[PDB]
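target22.txt follows; it contains compact mmCIF, C-alpha atoms and all ligand atoms.
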# COMPACT_ATOMS: atom_id res chain seq x y z
CA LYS A 1 187.05 112.09 270.93
CA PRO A 2 190.05 111.43 268.72
CA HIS A 3 190.84 112.27 265.05
CA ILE A 4 191.27 108.62 264.11
CA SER A 5 191.25 107.09 260.67
CA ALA A 6 187.78 106.70 259.22
CA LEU A 7 188.75 103.47 257.44
CA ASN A 8 188.28 101.50 260.70
CA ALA A 9 185.91 103.78 262.72
CA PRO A 10 182.37 102.65 263.48
CA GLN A 11 180.37 102.39 260.26
CA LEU A 12 178.07 105.26 259.43
CA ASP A 13 175.60 103.19 257.34
CA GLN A 14 175.29 100.70 260.23
CA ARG A 15 174.42 103.41 262.81
CA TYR A 16 171.53 104.50 260.62
CA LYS A 17 170.43 101.27 258.86
CA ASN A 18 166.86 101.06 260.37
CA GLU A 19 166.39 104.72 259.76
CA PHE A 20 167.61 105.39 256.23
CA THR A 21 170.36 104.47 253.80
CA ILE A 22 173.54 106.60 253.92
CA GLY A 23 174.91 107.50 250.52
CA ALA A 24 177.79 109.29 248.77
CA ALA A 25 178.13 111.02 245.40
CA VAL A 26 181.11 109.83 243.40
CA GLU A 27 183.24 110.29 240.32
CA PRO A 28 184.58 107.28 238.54
CA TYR A 29 188.22 108.15 239.26
CA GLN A 30 187.28 107.58 242.93
CA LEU A 31 186.62 103.90 242.23
CA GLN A 32 190.29 103.49 241.41
CA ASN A 33 191.71 105.02 244.71
CA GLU A 34 192.23 102.65 247.54
CA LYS A 35 191.09 105.16 250.21
CA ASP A 36 187.85 106.13 248.41
CA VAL A 37 186.94 102.53 247.66
CA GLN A 38 187.53 101.52 251.28
CA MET A 39 185.50 104.52 252.52
CA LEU A 40 182.57 103.54 250.26
CA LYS A 41 182.88 99.91 251.41
CA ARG A 42 183.08 100.86 255.03
CA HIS A 43 180.60 103.64 255.48
CA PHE A 44 177.99 103.76 252.73
CA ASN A 45 175.17 101.65 251.35
CA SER A 46 173.86 103.93 248.62
CA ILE A 47 175.67 105.69 245.76
CA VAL A 48 174.98 108.39 243.12
CA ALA A 49 177.02 109.86 240.24
CA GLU A 50 178.07 113.39 240.88
CA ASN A 51 178.35 114.08 237.07
CA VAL A 52 178.56 111.13 234.68
CA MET A 53 174.81 110.38 234.62
CA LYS A 54 173.82 113.88 233.61
CA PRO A 55 172.24 114.37 230.19
CA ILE A 56 175.33 115.81 228.56
CA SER A 57 177.57 112.99 229.89
CA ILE A 58 175.09 110.31 228.67
CA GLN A 59 173.93 111.65 225.29
CA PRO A 60 176.31 114.43 224.22
CA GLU A 61 175.26 114.16 220.54
CA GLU A 62 171.90 112.72 219.39
CA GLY A 63 172.26 108.99 219.03
CA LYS A 64 175.61 108.84 220.84
CA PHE A 65 175.29 107.26 224.22
CA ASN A 66 178.09 106.99 226.69
CA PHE A 67 177.32 104.49 229.47
CA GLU A 68 180.96 103.48 230.11
CA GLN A 69 181.35 105.72 233.22
CA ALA A 70 177.84 105.16 234.57
CA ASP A 71 178.30 101.41 234.08
CA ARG A 72 181.35 101.47 236.37
CA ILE A 73 179.36 103.07 239.19
CA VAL A 74 176.50 100.57 238.72
CA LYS A 75 178.94 97.68 238.75
CA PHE A 76 180.74 98.76 241.97
CA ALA A 77 177.35 99.30 243.64
CA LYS A 78 176.15 95.80 242.79
CA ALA A 79 179.40 94.17 243.82
CA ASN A 80 179.08 95.90 247.19
CA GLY A 81 175.37 95.64 247.95
CA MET A 82 174.65 99.40 247.53
CA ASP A 83 171.48 101.09 246.40
CA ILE A 84 171.87 103.42 243.39
CA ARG A 85 170.28 106.74 242.56
CA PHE A 86 170.10 108.20 239.05
CA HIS A 87 171.11 111.81 238.82
CA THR A 88 169.49 113.03 236.60
CA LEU A 89 167.23 112.53 233.58
CA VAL A 90 166.27 116.21 232.95
CA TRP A 91 167.98 119.46 233.94
CA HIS A 92 168.37 123.01 232.45
CA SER A 93 172.09 122.72 232.99
CA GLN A 94 174.72 120.20 231.84
CA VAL A 95 172.36 119.57 228.97
CA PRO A 96 173.34 119.23 225.33
CA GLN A 97 172.34 122.05 222.97
CA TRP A 98 171.25 119.59 220.23
CA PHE A 99 168.03 118.96 222.20
CA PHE A 100 166.70 122.50 221.64
CA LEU A 101 167.67 123.05 217.92
CA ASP A 102 164.87 122.84 215.28
CA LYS A 103 165.22 120.85 211.99
CA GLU A 104 167.39 123.52 210.33
CA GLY A 105 169.72 123.95 213.31
CA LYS A 106 168.14 127.15 214.66
CA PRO A 107 167.31 127.68 218.35
CA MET A 108 163.73 126.64 219.05
CA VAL A 109 163.28 129.39 221.70
CA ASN A 110 163.49 131.96 218.83
CA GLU A 111 160.59 130.52 216.73
CA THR A 112 157.65 132.98 216.39
CA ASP A 113 155.25 131.03 214.17
CA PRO A 114 152.70 129.25 216.45
CA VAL A 115 152.24 125.98 214.43
CA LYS A 116 156.06 125.75 214.14
CA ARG A 117 156.35 126.15 217.93
CA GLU A 118 153.91 123.27 218.42
CA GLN A 119 156.04 121.15 216.06
CA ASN A 120 159.10 121.92 218.15
CA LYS A 121 157.32 121.09 221.32
CA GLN A 122 156.48 117.70 219.98
CA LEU A 123 159.95 117.12 218.58
CA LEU A 124 161.58 118.07 221.92
CA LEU A 125 159.17 115.87 223.81
CA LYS A 126 159.99 112.98 221.44
CA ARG A 127 163.72 113.50 222.05
CA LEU A 128 163.10 113.69 225.81
CA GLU A 129 161.16 110.45 225.66
CA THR A 130 163.94 108.62 223.72
CA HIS A 131 166.70 109.80 226.03
CA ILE A 132 164.74 108.51 229.06
CA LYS A 133 163.72 105.26 227.39
CA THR A 134 167.25 104.33 226.46
CA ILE A 135 168.60 105.03 229.96
CA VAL A 136 165.76 103.33 231.81
CA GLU A 137 165.71 100.33 229.56
CA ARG A 138 169.35 99.78 230.34
CA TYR A 139 169.29 100.36 234.18
CA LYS A 140 165.72 99.59 235.36
CA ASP A 141 166.72 96.34 237.14
CA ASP A 142 169.80 97.87 238.84
CA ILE A 143 168.75 101.41 239.86
CA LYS A 144 165.96 101.83 242.31
CA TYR A 145 165.82 105.66 242.77
CA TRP A 146 165.62 108.21 240.00
CA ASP A 147 165.98 112.06 239.88
CA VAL A 148 163.51 112.36 236.93
CA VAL A 149 163.58 116.14 236.98
CA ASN A 150 165.96 118.57 238.68
CA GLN A 151 165.38 122.27 239.63
CA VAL A 152 162.20 122.84 237.68
CA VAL A 153 160.77 125.45 240.06
CA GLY A 154 162.44 128.89 240.16
CA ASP A 155 163.39 130.64 243.42
CA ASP A 156 160.75 133.34 242.61
CA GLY A 157 158.10 130.57 243.07
CA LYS A 158 157.33 130.41 239.37
CA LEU A 159 158.23 127.44 237.07
CA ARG A 160 161.85 127.95 236.02
CA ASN A 161 161.83 129.50 232.57
CA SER A 162 164.33 127.09 231.00
CA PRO A 163 164.36 126.11 227.37
CA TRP A 164 162.45 122.97 228.43
CA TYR A 165 159.72 125.31 229.71
CA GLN A 166 159.88 128.05 227.02
CA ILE A 167 159.62 125.43 224.28
CA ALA A 168 157.29 122.80 225.69
CA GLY A 169 155.53 124.28 228.67
CA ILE A 170 154.72 122.13 231.70
CA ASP A 171 154.23 118.96 229.57
CA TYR A 172 158.07 118.28 229.73
CA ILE A 173 157.76 117.46 233.40
CA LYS A 174 154.78 115.18 232.85
CA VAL A 175 156.33 113.38 229.87
CA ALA A 176 159.55 112.84 231.84
CA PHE A 177 157.79 111.07 234.71
CA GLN A 178 155.41 109.13 232.43
CA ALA A 179 158.27 107.96 230.26
CA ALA A 180 160.34 106.76 233.28
CA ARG A 181 157.37 104.74 234.60
CA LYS A 182 156.49 103.20 231.25
CA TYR A 183 159.99 101.84 230.47
CA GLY A 184 161.06 101.23 234.10
CA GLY A 185 157.94 99.62 235.59
CA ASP A 186 156.30 100.08 238.95
CA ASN A 187 159.31 99.11 241.05
CA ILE A 188 161.59 102.08 240.33
CA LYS A 189 160.92 105.19 242.41
CA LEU A 190 160.57 108.54 240.73
CA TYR A 191 161.68 111.87 242.32
CA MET A 192 161.59 115.60 241.75
CA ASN A 193 164.84 117.07 243.06
CA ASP A 194 165.52 120.69 244.06
CA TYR A 195 167.47 123.01 246.40
CA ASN A 196 166.08 125.58 248.87
CA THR A 197 163.04 123.34 249.19
CA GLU A 198 162.73 124.80 252.70
CA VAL A 199 162.36 128.43 251.47
CA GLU A 200 159.25 130.50 250.51
CA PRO A 201 157.68 131.04 247.93
CA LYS A 202 159.60 128.00 246.32
CA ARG A 203 158.45 125.47 248.93
CA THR A 204 154.75 126.16 248.35
CA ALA A 205 155.22 126.43 244.59
CA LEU A 206 156.97 123.00 244.66
CA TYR A 207 154.13 121.68 246.81
CA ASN A 208 151.34 123.00 244.59
CA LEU A 209 153.13 121.65 241.49
CA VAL A 210 153.49 118.10 242.76
CA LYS A 211 149.93 117.96 244.21
CA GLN A 212 148.51 119.04 240.80
CA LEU A 213 150.60 116.50 238.87
CA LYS A 214 149.65 113.70 241.23
CA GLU A 215 145.97 114.70 240.83
CA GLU A 216 146.42 114.42 237.04
CA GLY A 217 147.79 110.79 237.33
CA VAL A 218 151.46 111.86 236.75
CA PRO A 219 153.59 109.23 238.56
CA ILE A 220 155.76 110.90 241.32
CA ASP A 221 156.92 108.91 244.38
CA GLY A 222 158.96 111.55 246.13
CA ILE A 223 160.94 114.73 246.61
CA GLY A 224 164.74 115.07 246.62
CA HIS A 225 165.91 117.77 248.99
CA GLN A 226 169.37 118.69 247.76
CA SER A 227 170.24 120.20 251.13
CA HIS A 228 173.23 122.35 250.16
CA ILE A 229 172.99 124.26 253.45
CA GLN A 230 175.00 126.29 255.96
CA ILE A 231 175.78 126.14 259.64
CA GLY A 232 172.79 128.35 260.68
CA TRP A 233 170.47 128.42 257.63
CA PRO A 234 167.99 126.98 257.08
CA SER A 235 166.75 126.25 260.52
CA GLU A 236 165.84 122.86 261.65
CA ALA A 237 162.26 123.90 262.40
CA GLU A 238 161.91 124.93 258.74
CA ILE A 239 163.52 121.66 257.56
CA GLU A 240 161.05 119.76 259.72
CA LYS A 241 158.10 121.65 258.42
CA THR A 242 159.25 121.07 254.84
CA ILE A 243 159.70 117.34 255.26
CA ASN A 244 156.25 117.08 256.91
CA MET A 245 154.49 119.10 254.32
CA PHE A 246 155.58 116.74 251.48
CA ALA A 247 155.06 113.62 253.52
CA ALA A 248 151.38 114.79 253.93
CA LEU A 249 150.94 114.24 250.21
CA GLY A 250 152.09 110.60 250.48
CA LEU A 251 155.54 111.47 248.99
CA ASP A 252 158.85 109.87 250.20
CA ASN A 253 161.67 112.34 251.08
CA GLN A 254 165.36 111.87 250.29
CA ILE A 255 168.10 114.13 251.38
CA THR A 256 169.98 113.84 248.10
CA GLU A 257 173.04 116.21 248.15
CA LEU A 258 173.85 117.03 251.78
CA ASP A 259 176.77 119.25 252.54
CA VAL A 260 177.25 121.80 255.38
CA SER A 261 179.35 124.65 254.14
CA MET A 262 181.62 126.56 256.49
CA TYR A 263 180.44 129.76 254.88
CA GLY A 264 177.52 132.02 254.06
CA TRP A 265 176.15 133.13 250.73
CA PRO A 266 177.86 134.54 248.66
CA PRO A 267 180.61 132.71 250.44
CA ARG A 268 183.86 134.33 251.65
CA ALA A 269 186.16 131.38 251.95
CA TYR A 270 189.54 130.65 253.44
CA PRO A 271 192.19 129.99 250.79
CA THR A 272 193.27 126.63 252.32
CA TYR A 273 191.90 123.92 254.62
CA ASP A 274 194.64 124.69 257.17
CA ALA A 275 193.40 128.29 257.63
CA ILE A 276 189.87 127.25 258.69
CA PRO A 277 189.72 127.89 262.41
CA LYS A 278 188.99 125.09 264.90
CA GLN A 279 185.81 126.66 266.29
CA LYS A 280 184.23 126.33 262.78
CA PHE A 281 184.49 122.58 263.07
CA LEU A 282 182.72 122.60 266.49
CA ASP A 283 179.94 124.79 265.17
CA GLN A 284 179.56 122.48 262.14
CA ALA A 285 179.49 119.48 264.44
CA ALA A 286 176.60 120.97 266.52
CA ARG A 287 174.72 121.77 263.31
CA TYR A 288 175.16 118.15 262.13
CA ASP A 289 174.14 116.88 265.60
CA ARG A 290 170.83 118.82 265.39
CA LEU A 291 170.38 117.87 261.79
CA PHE A 292 170.66 114.16 262.12
CA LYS A 293 168.60 114.17 265.32
CA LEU A 294 165.89 115.72 263.14
CA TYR A 295 166.37 113.15 260.33
CA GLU A 296 166.07 110.38 262.89
CA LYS A 297 162.89 111.86 264.39
CA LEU A 298 161.43 111.91 260.88
CA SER A 299 162.92 108.56 259.87
CA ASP A 300 159.55 107.18 258.89
CA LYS A 301 159.35 109.88 256.18
CA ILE A 302 162.97 109.71 254.88
CA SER A 303 164.37 106.67 252.96
CA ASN A 304 167.85 108.13 252.29
CA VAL A 305 170.38 110.71 253.28
CA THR A 306 173.19 111.15 250.70
CA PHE A 307 176.26 113.37 251.18
CA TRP A 308 177.43 115.12 248.02
CA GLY A 309 180.91 113.61 248.27
CA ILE A 310 183.03 111.26 250.39
CA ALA A 311 185.64 113.33 252.27
CA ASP A 312 186.73 116.93 252.56
CA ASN A 313 189.60 116.53 250.01
CA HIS A 314 186.94 116.67 247.26
CA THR A 315 183.75 118.71 247.19
CA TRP A 316 182.07 120.89 244.45
CA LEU A 317 181.74 123.54 247.15
CA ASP A 318 185.39 124.52 246.44
CA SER A 319 184.20 125.81 243.05
CA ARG A 320 182.06 128.35 245.04
CA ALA A 321 184.76 129.18 247.65
CA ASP A 322 185.65 132.63 246.47
CA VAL A 323 188.53 134.24 248.45
CA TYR A 324 188.34 137.89 249.25
CA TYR A 325 191.58 139.92 249.72
CA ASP A 326 191.85 143.43 251.24
CA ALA A 327 194.25 146.10 249.79
CA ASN A 328 197.16 144.74 251.88
CA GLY A 329 196.66 141.15 250.46
CA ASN A 330 195.13 139.74 253.66
CA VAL A 331 192.24 137.35 253.45
CA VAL A 332 188.77 138.76 254.27
CA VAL A 333 186.06 136.42 255.53
CA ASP A 334 183.66 138.87 257.29
CA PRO A 335 180.61 139.48 255.01
CA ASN A 336 180.30 143.25 255.16
CA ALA A 337 183.99 144.10 255.52
CA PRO A 338 186.21 146.04 253.10
CA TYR A 339 187.98 144.29 250.32
CA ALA A 340 189.66 145.04 246.98
CA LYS A 341 189.67 141.82 244.99
CA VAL A 342 188.17 138.36 244.84
CA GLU A 343 189.74 135.11 243.48
CA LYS A 344 186.65 133.12 242.36
CA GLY A 345 186.63 129.40 243.25
CA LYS A 346 190.17 129.33 244.67
CA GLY A 347 189.44 128.52 248.27
CA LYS A 348 188.57 125.59 250.43
CA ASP A 349 185.30 124.45 252.06
CA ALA A 350 184.97 121.66 254.57
CA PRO A 351 181.45 120.17 254.41
CA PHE A 352 181.57 116.54 255.43
CA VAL A 353 182.12 114.45 258.54
CA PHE A 354 185.35 113.03 257.15
CA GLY A 355 188.46 115.19 256.68
CA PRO A 356 190.84 115.50 253.68
CA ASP A 357 193.32 112.96 255.15
CA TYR A 358 190.41 110.52 255.73
CA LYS A 359 190.33 110.95 259.53
CA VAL A 360 187.11 111.60 261.40
CA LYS A 361 185.96 115.12 262.28
CA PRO A 362 184.03 116.34 265.27
CA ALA A 363 180.85 116.30 263.12
CA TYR A 364 181.35 112.50 262.79
CA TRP A 365 181.35 111.93 266.52
CA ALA A 366 178.30 114.11 266.71
CA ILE A 367 176.30 111.85 264.33
CA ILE A 368 177.64 108.46 265.28
CA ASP A 369 176.61 108.75 268.96
CA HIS A 370 173.05 108.34 270.36
CA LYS A 371 173.02 111.67 272.29
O1 LIG A 401 170.32 130.63 248.24
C1 LIG A 401 171.50 129.98 247.71
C2 LIG A 401 171.38 129.21 246.39
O2 LIG A 401 171.26 130.22 245.43
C3 LIG A 401 172.59 128.32 246.01
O3 LIG A 401 172.63 127.79 244.64
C4 LIG A 401 172.42 126.43 244.17
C5 LIG A 401 172.85 125.17 244.91
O4 LIG A 401 172.38 123.98 244.16
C6 LIG A 401 172.98 123.70 242.86
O5 LIG A 401 172.52 122.44 242.13
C7 LIG A 401 173.08 121.09 242.31
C8 LIG A 401 174.56 121.41 242.46
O6 LIG A 401 175.41 120.27 242.30
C9 LIG A 401 175.23 119.66 241.03
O7 LIG A 401 176.38 118.89 240.79
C10 LIG A 401 177.50 119.72 240.52
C11 LIG A 401 177.35 120.42 239.16
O8 LIG A 401 178.59 120.80 238.52
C12 LIG A 401 179.77 119.97 238.60
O9 LIG A 401 180.85 120.77 238.09
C13 LIG A 401 180.00 119.42 240.05
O10 LIG A 401 181.00 118.38 240.20
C14 LIG A 401 178.70 118.78 240.57
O11 LIG A 401 178.82 118.28 241.91
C15 LIG A 401 173.96 118.85 241.14
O12 LIG A 401 173.87 117.96 240.01
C16 LIG A 401 172.85 119.93 241.20
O13 LIG A 401 171.68 119.10 241.26
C17 LIG A 401 172.79 125.02 242.06
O14 LIG A 401 173.57 124.83 240.90
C18 LIG A 401 173.14 126.35 242.83
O15 LIG A 401 172.74 127.62 242.24
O16 LIG A 401 172.83 127.35 247.05
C19 LIG A 401 173.09 128.06 248.26
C20 LIG A 401 171.96 128.96 248.75
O17 LIG A 401 172.30 129.68 249.94
CL CL A 402 178.87 99.33 253.62
ZN ZN A 403 177.36 97.77 255.42
ZN ZN A 404 195.69 120.03 255.53
ZN ZN A 405 163.22 105.76 256.70
ZN ZN A 406 183.41 116.46 241.98
ZN ZN A 407 174.29 113.20 268.18
Represent the supplied structure as structure tokens.
Ligand SMILES: O[C@@H]1[C@@H](O)[C@H](O[C@@H]2CO[C@@H](O[C@@H]3CO[C@@H](O[C@@H]4CO[C@@H](O)[C@H](O)[C@H]4O)[C@H](O)[C@H]3O)[C@H](O)[C@H]2O)OC[C@H]1O
Ligand SMILES: [Cl-]
Ligand SMILES: [Zn+2]
Ligand SMILES: [Zn+2]
Ligand SMILES: [Zn+2]
Ligand SMILES: [Zn+2]
Ligand SMILES: [Zn+2]
Amino acid sequence: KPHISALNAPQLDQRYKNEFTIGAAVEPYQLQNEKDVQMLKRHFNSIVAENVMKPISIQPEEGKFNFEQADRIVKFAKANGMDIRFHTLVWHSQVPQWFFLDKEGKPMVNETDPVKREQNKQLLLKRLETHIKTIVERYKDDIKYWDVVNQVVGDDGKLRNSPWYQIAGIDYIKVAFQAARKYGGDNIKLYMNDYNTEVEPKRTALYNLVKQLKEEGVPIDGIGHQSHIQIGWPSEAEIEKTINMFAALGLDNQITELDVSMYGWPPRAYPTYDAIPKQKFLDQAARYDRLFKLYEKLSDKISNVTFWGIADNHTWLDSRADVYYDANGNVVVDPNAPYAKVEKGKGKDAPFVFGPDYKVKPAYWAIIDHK
């Protein structure tokens, strides 16, 4: 099956339209390239901001709101009949420091006096509420799906000990969801989003957290499985089990940031796309074949599958593609093998079904067929 141009290959959203929407994460510069725009028009019916809807891009100083970049994404989505997801209202990263400073400009995490801690909790929760209110009041009629909180459970199975948590305890999660519902109404859908949702003890910790909150009347409609995964790991059986476990609680599932790295963890990457050997693309394509067969089987539990980019010329995975060089200056990709130095983030990953020159990959054929 040929490496033809994606711009006029059979539409990916159309193959899957009774199953689930098919989305892409974007940057605003992509809305001004002809190729990106035509790929979004051709192949996708859902969109998400890769960066410009994060807390620090929206409210970088208290009272200063930048919606110019977000607005452009919203406008392109509406003009082209796409669903929109909001990524994301609360995170422990790409968050502005001003949130966690007390009245005299000192870090709140440092405060020892207990009545002064409770004042900070309330102040931070008030700020959290205002940030959410302003965003939801603006977008509630345009944006149907919302990452309310991101990564709030650590990998050790305990609540992640972010400043949000150190300062305000578990109430920050509750206030985030309650605030989105109050200002957005009943028709927006509210998600908790995380990675390694398939992995113990995080999976069960995630599960117990959401069940508890739902029991307490905290509004949560679903789980966002980021799905930054590899060719082998995690297995499909464990994905399937994960999806089913959350669906048992009456939660929707979205696959919110799908990419299939060519590498392991910590990754040892090739320095260029051209160096990646052909067999890696065939392996990837069988992984995607199994993957999307599983998504289809569970289509009644999954409303959306979104890829964390458009085509292989641009992916955040390249920021993790460390290249390992042995003493002779040759590239080392075997995980236990000798090496002398590493150039962090200088290599090239290849995670999507569309290549860097916008032609279809074997993984595409594997997910467009009905075999
Ligand atoms: O077991 C391994 C994990 O440790 C490992 O780590 C995490 C993967 O998920 C990440 O969170 C996602 C990452 O993408 C964010 O957007 C990017 C943030 O920075 C920008 O510069 C870039 O353009 C964005 O695309 C997204 O918002 C966020 O929700 C997390 O940070 C990693 O530690 O994954 C692999 C496992 O094997
Ligand atoms: Cl479309
Ligand atoms: Zn369409
Ligand atoms: Zn090339
Ligand atoms: Zn569905
Ligand atoms: Zn990017
Ligand atoms: Zn297939």
| task | Give the residues close to ligand CL 402 (chain A), within 10 Å, counting only C-alpha atoms and all ligand atoms; write them as a VMD selection string. | result | chain A and resid 11 to 14 21 to 23 38 to 46 80 to 82
| message | When you count only C-alpha atoms and all ligand atoms, which of these residues is closest to ligand LIG 401 (chain A): A:264, A:356, A:2, A:271? | response |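 Answer, going by the shortest atom-to-atom distance: A:264.
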| message | Using Å and a single decimal, report how far atom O17 of ligand LIG 401 (chain A) sits from CA of residue 162 in chain A. | response | 20.7 Å
| message | 7 Å from ligand ZN 406 (chain A) is the threshold here; counting all atoms listed in the file, which polymer residues fall inside it? Answer as a list in words. | response | residues 27, 50, 314, 315 and 316 of chain A
| Residues near residue 132 in chain A, cut-off 7 Å, all atoms listed in the file, skip fewer than 6 positions along chain, as a ChimeraX atom specification | /A:89,179-180
| message | Taking all atoms listed in the file into account, list the residues no farther than 7 Å from ligand ZN 407 (chain A), as a VMD selection string. | response | chain A and resid 289 293 366 to 371
Around all listed atoms of range 312-327 of chain A, padded 3 Å per side, what centre and edge lengths does the axis-aligned box have in Å to one decimal, as AutoDock Vina command-line options?
--center_x 188.0 --center_y 131.3 --center_z 247.8 --size_x 18.5 --size_y 35.6 --size_z 15.5
| request: Skip residue 52 in chain A itself and residues of its chain fewer than 4 positions away, then list as a ChimeraX atom specification all residues within 10 Å of it, counting all atoms listed in the file. | output: /A:26-28,48,56-58,66-71,73,86-88
| task | Using CA of residue 267 in chain A and CA of residue 355 in chain A as the two end points, give the distance in Å to one decimal. | result |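 CA of residue 267 in chain A sits 20.2 Å away from CA of residue 355 in chain A.
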